[PDB]
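Below you will find one chain, with nothing else, as structure tokens; this is the form deposited in one PDB entry, and questions on how it binds or moves follow later.
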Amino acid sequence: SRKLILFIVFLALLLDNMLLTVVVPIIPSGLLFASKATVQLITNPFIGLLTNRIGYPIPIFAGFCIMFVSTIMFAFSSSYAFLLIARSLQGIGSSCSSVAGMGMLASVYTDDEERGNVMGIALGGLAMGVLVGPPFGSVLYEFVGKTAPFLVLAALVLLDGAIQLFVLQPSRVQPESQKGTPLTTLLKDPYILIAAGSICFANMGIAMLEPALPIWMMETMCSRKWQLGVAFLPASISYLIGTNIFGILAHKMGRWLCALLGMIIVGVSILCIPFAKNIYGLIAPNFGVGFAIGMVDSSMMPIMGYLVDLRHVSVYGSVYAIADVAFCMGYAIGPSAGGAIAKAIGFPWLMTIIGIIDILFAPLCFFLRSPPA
């Protein structure tokens, strides 16, 4: 049925982010950090144009064979080249599983109201993956061994792939009934660009904040190392709550208004992080940041599907490749550019710049109220 497709997409995204986040703490044991995101950004539009040619089931199932190969390559690698190869393979997989899975979800839940909350649930998949990533990784790392986290995650990826092969049955190539509108015509749409830009700036704010916040906490607050890991918890829990609630709330409120308010709340929250003196001062603003990132993503993915349905041809592979490029731009240029700006003009000014950009971008979501057909 359809809820099994939703579960498959949720599980793919959850395992993808659990791997992406267990790799972080164990990696130490610069380019490697941005490698996955940039390779996924490169191979997003290709998958977008491919799902319209072979269908959704096959490029979503290749996303389990690529993520499984990446996972096992992480557990038995020592060299730096091999870790880079593993992270690039994870990037290609994630591209396959995010783009093809969101396309499948939009193709199956073909109703504007239902698509909202199923996108919300699939997105909360990423929050549940990031949130349960580090603890699982650590406990399995030290209580069993250094190859343990990745081999157990590989077993989980295999079980998810078994569910995939039993639900989707990717045996045969099935092209779409109608040829989807080209990628350039989509990219010339002022509304698809506004949606992608709102997702891009929200996630770039959060992706520049995550790595820059610990480097500032150890300098201003004299925080211990456990504090650095705990100070970012409100973001993930709040993103989980925000996505799961606003998938259902945004269509009653209006997706344009939910996106506008999410942008303004991300802006204000990020403008209000540098004013915190102690760790208890980074609970409320980080909560606001994560809550509003969810408020924006759970409102702007269904809108992507809707904007394609209303104006262009009903093929969702490319437009969700565009949405996933907007996602990945932030996580690719986040660490590097954020560290560069913080190393040059400081962390408070970086946060003020990001907040100003988000607040000034917010009024552009007004143009999503009633776009013409």
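Residue positions are given as counts along the sequence shown, with the first one as 1. Only the largest set of C-alpha atoms that superpose within 1.5 Å between the two forms is called the rigid core.
Quick note: we don't show the form deposited in another entry, though the next part is all about it.
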item: Which one of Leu307, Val315, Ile58, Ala342, by Cα shift of 2 Å or more between this form and the one not shown, core superposed; value: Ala342
item: Cα displacement of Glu113 between this form and the one not shown reaching 2 Å, rigid core superposed; value: no
item: Rigid core fit then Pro285 CA moved by 2 Å or more between this form and the one not shown; value: yes
item: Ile215 C-alpha moves between this form and the one not shown by 2 Å or more, core aligned; value: yes
item: Relative Cα spacing, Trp216 and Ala37, in the other form - shift of 3 Å or more; value: closer
item: Closer or farther in the other form, the Cα atoms of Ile241 and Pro214, when the shift from this form is 3 Å or more; value: farther
